[PDB]
Amino acid sequence: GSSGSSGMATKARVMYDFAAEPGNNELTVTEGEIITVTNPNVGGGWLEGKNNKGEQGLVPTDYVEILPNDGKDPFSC
């Protein structure tokens, strides 16, 4: 029926409101705002996420902490 245990659709929640300079390879996000993770492993401790607009930019993993996915559910409790 389904495919994948953890899932490919990774999500991350912003802990602190971060701003990206105009005309830069960075993305602008806000605290509480969630986005789609595409490249969580860029190189150095950064990740690439896309916004509703469809734009992609670099964001400091220190500002946003990726959230886990639905892990293998436990057997009949």
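Calculation notes
- Residues numbered from 1 in each chain as written, not as in the entry; some residues may be left out.
- Heavy atoms only, no water.
- Helix = DSSP H or I, 4+ residues; strand = E, 2+ residues; numbered from the N terminus.
- Buried < 20%, exposed > 50% of the residue type's maximum accessible area, 1.4 Å probe, protein only.
- Contact = heavy atoms within 4.5 Å.
- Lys, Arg positive; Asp, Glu negative; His and termini not counted.
- Charge placed at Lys NZ, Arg CZ, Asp CG, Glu CD.
- Pairing = 2+ DSSP bridges.
- Axes fitted to C-alpha atoms, helices over the stretch in contact; angles between N-to-C directions.
- Core = buried A, V, L, I, M, F, W, Y, C linked by side-chain atoms within 4.5 Å.
- Polar contact = N/O pair within 3.5 Å; in protein donor to acceptor, adjacent residues only side chain to side chain.

### Quick notes on the overall build of the chain
Stage number 1. Counting secondary structure elements, the chain contains zero helices and five strands.
Stage number 2. Its C-alpha atoms give the chain principal-axis dimensions of about 50 × 25 × 25 Å.
Stage number 3. Out of the 77 residues in the chain, the part that is buried amounts to 21%.
Stage number 4. Long-range pairs, those at least 24 residues apart, make up 42% of the contacts in the chain with a sequence separation of at least 6.
Stage number 5. The distance from the centre of the 5 positive side-chain charges to the centre of the 11 negative ones in the chain is 8 Å.

### Quick look at the sheet that holds strand β5 (residues 64-67)
Stage number 1. Judged by pairing direction, the sheet is antiparallel, and its five strands sit side by side in the order β4-β3-β2-β1-β5 without closing on themselves. Whereas interior strands pair on both sides, the edge strands pair on one side only; in this sheet they are β4 (56-60) and β5. Between one strand axis and the next, the sheet turns by 45° as a mean value, whatever way the strands run.
Stage number 2. Alignment of strand β2 (residues 34-39) against strand β3 (residues 46-50), held across three bridges, turns out to be antiparallel. Counterpart to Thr36 in the pairing with β3 is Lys50.

### Focus on the nonpolar core
Stage number 1. In terms of nonpolar packing, the biggest core is built from 10 residues, these being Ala12, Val14, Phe18, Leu27, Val29, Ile35, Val37, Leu47, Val59 and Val64.
Stage number 2. Contributing elements (two or more residues each) for this core: β1 (10-14) and β2.
Stage number 3. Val37 has contacts with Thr10, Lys11, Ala12 and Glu48, leaving out every residue within four places of it along the chain.

### Some words on the pairing of β1
Stage number 1. Only one face of β1 is covered, namely the one carrying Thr10, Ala12 and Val14; the face carrying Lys11 and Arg13 has none of its residues buried.
Stage number 2. Of the pairings in the sheet, the one linking β1 to β5 comprises four bridges and is antiparallel in character. Bridging from a neighbouring strand, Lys11 pairs with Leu67 of β5.

### Quick notes on the side chain of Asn51
Stage number 1. Note that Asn51 resides in the loop between β3 and β4.
Stage number 2. Assessed through its relative accessible area of 16%, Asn51 is described here as buried.
Stage number 3. Side-chain polar atoms of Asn51 contact the backbone nitrogen of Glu55, separated by 2.6 Å.
Stage number 4. Once residues lying within four places of it in the same chain are set aside, the contact partners of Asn51 are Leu27 and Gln56.

### As for the environment of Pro68
Stage number 1. Considering the arrangement of structural elements, one finds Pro68 in the segment after β5.
Stage number 2. Sequence separation between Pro68 and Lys11 is 57 residues; the distance between their C-alpha atoms is 7.7 Å.

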